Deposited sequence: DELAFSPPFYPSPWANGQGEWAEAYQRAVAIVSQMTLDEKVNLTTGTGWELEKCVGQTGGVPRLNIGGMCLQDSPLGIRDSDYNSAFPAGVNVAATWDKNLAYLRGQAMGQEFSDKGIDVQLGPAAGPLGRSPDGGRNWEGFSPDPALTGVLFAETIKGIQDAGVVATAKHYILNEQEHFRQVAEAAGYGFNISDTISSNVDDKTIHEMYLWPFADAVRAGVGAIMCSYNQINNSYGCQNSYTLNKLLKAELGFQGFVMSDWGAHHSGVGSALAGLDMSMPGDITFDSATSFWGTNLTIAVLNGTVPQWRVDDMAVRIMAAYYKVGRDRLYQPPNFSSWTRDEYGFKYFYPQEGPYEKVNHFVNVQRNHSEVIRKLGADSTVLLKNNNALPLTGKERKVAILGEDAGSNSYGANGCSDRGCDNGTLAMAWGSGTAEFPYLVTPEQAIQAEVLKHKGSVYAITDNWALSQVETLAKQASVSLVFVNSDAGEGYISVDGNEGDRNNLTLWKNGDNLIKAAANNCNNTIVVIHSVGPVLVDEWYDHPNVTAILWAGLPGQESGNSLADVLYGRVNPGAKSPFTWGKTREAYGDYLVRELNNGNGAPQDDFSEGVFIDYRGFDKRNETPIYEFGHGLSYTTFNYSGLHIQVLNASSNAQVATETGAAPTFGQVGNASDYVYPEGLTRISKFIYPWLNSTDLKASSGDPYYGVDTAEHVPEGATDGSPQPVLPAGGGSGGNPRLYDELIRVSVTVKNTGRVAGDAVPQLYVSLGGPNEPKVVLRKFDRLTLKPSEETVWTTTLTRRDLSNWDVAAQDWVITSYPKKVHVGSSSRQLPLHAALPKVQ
């Protein structure tokens, strides 16, 4: 079985780079705290005990309010009068750093105005190993450069708005099946521990870890560790991924929190680099915690050093001060668990004072404008045989497909969006928000048609093919809507347990398109989906005259689409994944059956870096629509490639901050009423064993604490660490590349130039993306696009050196409009 080697001790924060100020303030405040106050910072108060999906108790003596952590990466979850933004995969399709940032900002503002201190997003894990993974749509793209940049911009947007962002899920949570034992049991499978992602050291560095290096470097304040194991050690106590890769090598200064039920031990996780337990209890409402009381006892009894808990408290406070949260603090002014105005203060046990729990604060501002724009700028025009834009003069318009229409249960009518009914604007699970409303394609396109005095209808039953065919025969243009949905693994829709069972259009989508195209010579297909779908059966039908993929557009869906179809917005989006002819063309099969008896299923990432386009390229398979493909209402020319060559070894000892007293200091205080199921930091009595209630208390302790796990002395700095997101020399700029881009067509719009490198060597992909931008040019206008390649951009990870090295194989650079349209290339000069 794959094995996860140890790396200890858990590195302590040190004020690195842009953290210096936040760190000194954290140390100043944590130095005033008692042990039970520190522990209150690290442990949630119990599932549904307070307002937010995650909430800690804070430190009231020092005026630090409990920290409220809320989903999702696309808008506030379980709340009211908030916006519902396009999913992260739509951000990836924009290839637009500025939009990623603005969406970040607009979300952080909404969260902040609800009294939420930490947003649980953005996501870059799953990166998107498999096309049918149930949660890729929450993240960005299976390409690490594209994902890393937009993930970092999203983070900066959210944090500049005063809310701590949480880069999740760390790491290798690439499929929903078998991610949690109790879930798998509900789906008929008996496993003793969750699926283990087994991954070699080079692949993890070059693919899955790279966007987390970007997030660290961009200043992200929190990381959420994952439910799956990595080489059979759970994500939230994997000393190699958390202590070595995240903290020692990437130099992460913020705090790591568990996913909800991902916490699996007290001492083991604390020493393997976890900082925050969510939602705080061992299972929901168990009234027990691996930390809380137990972490106070673990320090008192000598097993967890004081420097470890002190460092947890310092990382947590520093992330809070780093985004300025203290200046914006207010208690959460809504409840995740009810929409009632009044309720008991502590929801799950219905205890505490009966008082106002919801204030109905409308935090939307004018964010519907950035949503509508981001939806239009993420609508990829995959095919256009001279059909779009429409003029508004088409005499009779057929709107065809359930995906154009309303959810008959209401837009929020399926809990956590766990159904596929009506237009698909948001996929399912915890990665969701309540729509304030949902503009459907039927609404926006019919309103556009009626504004020009046209005739228009919508057919939204995909088995009503008799009606579809009759109307398609009468129409000037048929706009056909289809979808494919997926989501987090605790919800199953039509037998898809989070992950998609296939890549085919749902609700009869292929038969619908053929019914319409067989009968109307101007049939235009619009796809809303979580990821790629198979288009092979109809994409080259001679009456399918255009095809668009609009992703998961959020609340302004129909308006974002009508803007594109009627030429108000010239589509500039590019596919952020590959569109293959078959499911087999992508390889990388999900693990769907137990392969390790009733032990943890074993998920070997045996393709290495070869996922999405790298895998297609290596197999010489031609995609229908490649990574980076998308059309425009204008054309662009790329010419004139120009290349120019450009000109701590030990840590401190672990500090302690403040003092730890006798057990009687930490016994429940006398006048306090303990709320049922509420998780506290306090002990029932000075008897440590009885107060822990742990059946393993004090047994074989030293044998269960890895070697080095308590060592507070100065540590070596890793060759690849020493900076933020890696050794700073990885970020030196070695080569400048420039090209001329001209708009040669007749419509103003945006080009997305893309720069790929060939690193060389028998095991390297043919091309890997490194740089891109999105540049606005009016007709005939030109501009020089210039960018630089960093030492990291030209390196591979070398397992013998434990460092990035520029290998001696000759390297090339390529510039053009997609991974398969690269008219400009050059050999790169040797650099090191």
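Missing from the model, by position in the deposited sequence, are residues 1-2, 650-656.
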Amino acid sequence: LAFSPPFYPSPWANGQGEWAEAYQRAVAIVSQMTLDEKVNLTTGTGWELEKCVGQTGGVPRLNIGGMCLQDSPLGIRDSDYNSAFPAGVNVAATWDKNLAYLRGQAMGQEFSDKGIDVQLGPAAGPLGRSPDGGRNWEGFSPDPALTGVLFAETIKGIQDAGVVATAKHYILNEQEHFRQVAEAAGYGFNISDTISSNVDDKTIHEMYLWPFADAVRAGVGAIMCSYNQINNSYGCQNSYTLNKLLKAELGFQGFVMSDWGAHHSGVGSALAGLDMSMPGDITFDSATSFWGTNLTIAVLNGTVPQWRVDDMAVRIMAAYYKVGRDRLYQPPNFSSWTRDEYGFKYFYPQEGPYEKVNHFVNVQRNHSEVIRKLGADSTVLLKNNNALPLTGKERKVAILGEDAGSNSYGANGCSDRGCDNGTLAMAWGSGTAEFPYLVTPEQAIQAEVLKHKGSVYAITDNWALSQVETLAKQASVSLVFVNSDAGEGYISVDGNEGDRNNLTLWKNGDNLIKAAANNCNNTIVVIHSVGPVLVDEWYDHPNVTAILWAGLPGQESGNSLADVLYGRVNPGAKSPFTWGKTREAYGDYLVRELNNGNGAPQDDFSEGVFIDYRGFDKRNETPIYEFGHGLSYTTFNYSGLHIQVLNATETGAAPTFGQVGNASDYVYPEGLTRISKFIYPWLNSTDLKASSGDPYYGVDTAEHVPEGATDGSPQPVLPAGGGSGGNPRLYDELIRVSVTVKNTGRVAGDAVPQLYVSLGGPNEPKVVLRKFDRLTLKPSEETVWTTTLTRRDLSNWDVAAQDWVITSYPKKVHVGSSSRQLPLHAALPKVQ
From here on, numbers count along this sequence of modelled residues.
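Legend: mean Cα B-factor per stretch from the PDB entry, 121-129 versus 700-708; the higher mean is in 700-708. If you average the C-alpha B-factors over 546-554 and over 467-475, the higher value belongs to 467-475. The PDB entry gives the largest Cα B-factor of the residues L631, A562, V456, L594 to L594. For the set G221, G567, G186, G405, the PDB entry assigns the largest Cα B-factor to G186. Per the deposited record, the Cα B-factor of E488 falls in the lowest third when ranked against the other modelled residues of its chain. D793 sits in the middle third of its chain by CA B factor, as recorded in the PDB entry.
In this PDB entry, the Cα temperature factor of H528 sits in the bottom third of its chain's modelled residues, the lowest group.
Ranked against the other modelled residues of its chain, the C-alpha B-factor of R729 as given in the entry falls in the highest third. Ranked by C-alpha B-factor against the other modelled residues of its chain, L775 falls in the middle third.
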